[PDB]
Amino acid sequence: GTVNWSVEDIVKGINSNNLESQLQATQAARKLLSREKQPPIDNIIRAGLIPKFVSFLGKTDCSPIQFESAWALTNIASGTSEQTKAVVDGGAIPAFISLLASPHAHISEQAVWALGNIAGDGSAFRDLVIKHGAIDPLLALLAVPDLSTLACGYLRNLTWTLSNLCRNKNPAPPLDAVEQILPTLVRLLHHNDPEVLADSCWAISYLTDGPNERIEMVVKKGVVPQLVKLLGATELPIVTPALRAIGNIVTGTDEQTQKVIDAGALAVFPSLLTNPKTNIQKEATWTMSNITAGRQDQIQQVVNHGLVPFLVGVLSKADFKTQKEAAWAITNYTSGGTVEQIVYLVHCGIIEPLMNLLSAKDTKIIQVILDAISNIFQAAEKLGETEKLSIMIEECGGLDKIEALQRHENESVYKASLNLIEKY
């Protein structure tokens, strides 16, 4: 019926002023735009159809053409920044916001989806969607006593669009918009649907990706324990954003990091630091590195949870990016820790994998490892046990690599290596 029309026929139908002819042609355009292989978005745009679709959005008396034009515009807005811009330039934003309160659930869901695509383009369109007043009707769609009474696809789409309103930086979303959205986010973070949980954690991870005041806005809502619980989940699409949120949070103050620790997060890290998905291991090790940059009592809680052997393991064998994060974790540990904590780290076996990493072609990791070793040597000086450490370094091949690093391109590398062999 309306399958595989030409763009020319679609234009002919839309440019009649027979409402039914226009609806037929609009559905034909929707079907064209919802095909998987190269939908002709740019042909539709060049034919001048966007203003006609936008005007169809306002035809309250004919709900089907509202739906079909909303779907067509959704798919146009899902494309490149220029295609989304063409949708915005046609005045689509206020018309979609108007459709949010439509009595037909599929139409308001379509408007939710379209606003999600538009806001997901970036900071400017996100803030423009916000300025047109989308947040109030979006949140009103979720003001029900139990979220389980909403249709699952509807709820997932609302969660995804809210996460896009929470997304992107330079600038971050407006503070009052974040404050307005957060309670609904907290409630969605306790819903039972895995996709809703994943997208809620994504929103929270966006909101915690910034300065300590943003992190504090999130942390004050009390979501950290629920984030830890989701960190323990079996579904990788949930664990990934949960772990990103937790790592973002521990980039903040020592008190925010302490909130992460009190919630029980460290007990999950034996799994995370051996997780078979490389990115999980990398981000867990980065999170650990930001925890070992904290207070000595926090370093001590890392010790008590048995996590130093897991750091040794990741340093010994992992993807190289994960190994670099582990080297960072070790240098933070050795710079902030007491003498007994550094002794314990040596007794767990850090020295040999630390040395083995000194044969890497990465200048930053060489600097990091050299700083770590000098910190360890300083603690050994306090204990008068420095040459036992030097013999330990030489028996595993460390002295050879440190001495070779004297004839190295980077000036800081050569300086630190020469200092080490001159002193010890």
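One-based numbering along the sequence shown.
Comparing 299 to 307 with 316 to 324, the stretch with the higher mean C-alpha B-factor in the PDB entry is 316 to 324. Taking only CA atoms, the mean B-factor in the PDB entry is higher for 289 to 297 than for the other of 131 to 139 and 289 to 297. You'll see in the entry that, of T334, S163, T274, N157, the Cα B factor peaks at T334. Of the residues listed, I65, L389, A29, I50, the entry assigns the biggest Cα temperature factor to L389. Among all modelled residues in this chain, the alpha-carbon of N168 has a temperature factor (C-alpha) in the middle third. Among the modelled residues of the chain, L354 sits in the highest third by CA temperature factor in this PDB entry. In the PDB entry, a CA B factor belonging to the middle third of its chain's modelled residues is recorded for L33. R214: CA B factor in the highest third of modelled residues in this chain (values from the PDB entry).
For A70, the recorded CA temperature factor ranks within the lowest third of the chain's modelled residues.
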